[PDB]
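There is one chain below, alone, in structure tokens, taken in the form deposited in one PDB entry.
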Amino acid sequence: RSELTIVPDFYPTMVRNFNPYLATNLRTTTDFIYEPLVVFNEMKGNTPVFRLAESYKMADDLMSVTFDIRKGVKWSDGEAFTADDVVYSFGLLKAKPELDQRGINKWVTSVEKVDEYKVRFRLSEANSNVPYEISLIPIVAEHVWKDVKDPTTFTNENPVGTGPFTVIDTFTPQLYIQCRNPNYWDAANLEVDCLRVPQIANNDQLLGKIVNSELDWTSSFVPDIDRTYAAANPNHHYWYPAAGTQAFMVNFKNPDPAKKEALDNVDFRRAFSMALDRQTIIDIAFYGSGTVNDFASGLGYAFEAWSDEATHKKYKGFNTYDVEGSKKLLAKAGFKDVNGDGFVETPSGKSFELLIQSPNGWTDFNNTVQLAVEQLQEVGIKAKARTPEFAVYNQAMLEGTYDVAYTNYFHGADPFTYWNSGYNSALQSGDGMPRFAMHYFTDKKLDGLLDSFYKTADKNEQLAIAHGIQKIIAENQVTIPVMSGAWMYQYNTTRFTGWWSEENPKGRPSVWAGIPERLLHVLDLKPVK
């Protein structure tokens, strides 16, 4: 039996939860258990790869879109996959908005069933990118979930899915094995029988295992990769294609008076920013992987084609290592040390220590925070590294109780994914939404520009919109962008072949939940002969 050992996420222990709509589920639920209608290859310019849906047609006015369901597709329990499943799934999100992870309810007014295998989504507002948005909403089995009294707490321990791996062959606190859907519609193209998911708590435990070659597919941070991982075995391979932005997010509505006086001050944010030595952070915390990001808007040099150089040039200085500039700005801004501790107090003389957040186990981020704390001390800003578990880290943000958090973002073929997910105030409310836009800075014009991006197909018009987004975010130094990272990815050729690589760059190679292309990738693998 071919078993592919994968690590899409860390856990202290394995807790059986296959609910695609809950943040507490196993990260092998979406894609593998519940296959999407379509999987957009974001690397290749967001090209749709059709799976459960055969095709789709967006109306010319961009106010609706139809999807043709592929006939002959079955749930793991033999029942047919039809339009009823899609209709029910979005209806569920309307019934329980906490399960709405994309904020899709705002855009989709209704989801009508044209026929057994055809559904039509009607929008509340024009969005040519709605097909992409729809593709990220998990679709569950209506014949099963209609009998579930409370979907919000349903752990779905014995899942019925459309995906390649639905059989829970083994489940212990330290390991679970997800095997082949006995009724998979694309069975002929699946050459991997089981997904082997061992319990790994953090980057330290992962390193020990990966160098010992007991893993096949991973996307973790690995220190000194060449010496410690690559040079240790000819089957140890990796590929780090460029990815999105990484930055420190500040909470504009921190409940502490002193902290809010600091964080909700653009001069302080710029001074915080100039204190950071971005290159040293990349060299030290990331071992030279990644590039400096001195775009106040967080755009990143990779997307320079979308940048208005003038805007970049004007705020670049506030996003460049400059100790003297940082201290001079703090002083000019009225931030001074009035109690002899070497740290600046707020203008009203209040003391504060910024608790910088980064998830426990994410050593590359943890090291970045500590480096940042030390760099901030140089400019007189008092801070301390905190490493709460991801759940806590994430919660403190949805609830706005954190101070500062270092984080990465998802990355698309253009800056929209980044700007929209990291700044649209619509994504700042609602349980079930990610952390990305939880800085609590809001602007009507910004939201308008963002929401207008896909209302037009005129690239020159979209560029004009992009420029408008750039200058609002840059002007307000909403976050403290630091760098553009990469899709960390490691593969072992000991047991399987067919992996994506620089030489076979089919798309984002990551195995993390949220990278739907992982379904396509796994379907390219085959055990060694």
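Just count from 1 along the sequence shown to find any residue number.
Heads up, the form deposited in another entry isn't pictured, but that's what we're talking about next.
Checked against the rigid-part motion between this form and the one not shown, the candidate from 243, 352, 431, 191 that sits at the hinge is 243. In that other deposited form, the Cα-Cα separation between residue 130 and residue 302 shrinks by 3 Å or more relative to the displayed conformation. CA of residue 395 to CA of residue 153: farther apart by 3 Å or more in that other deposited form than in the shown form.
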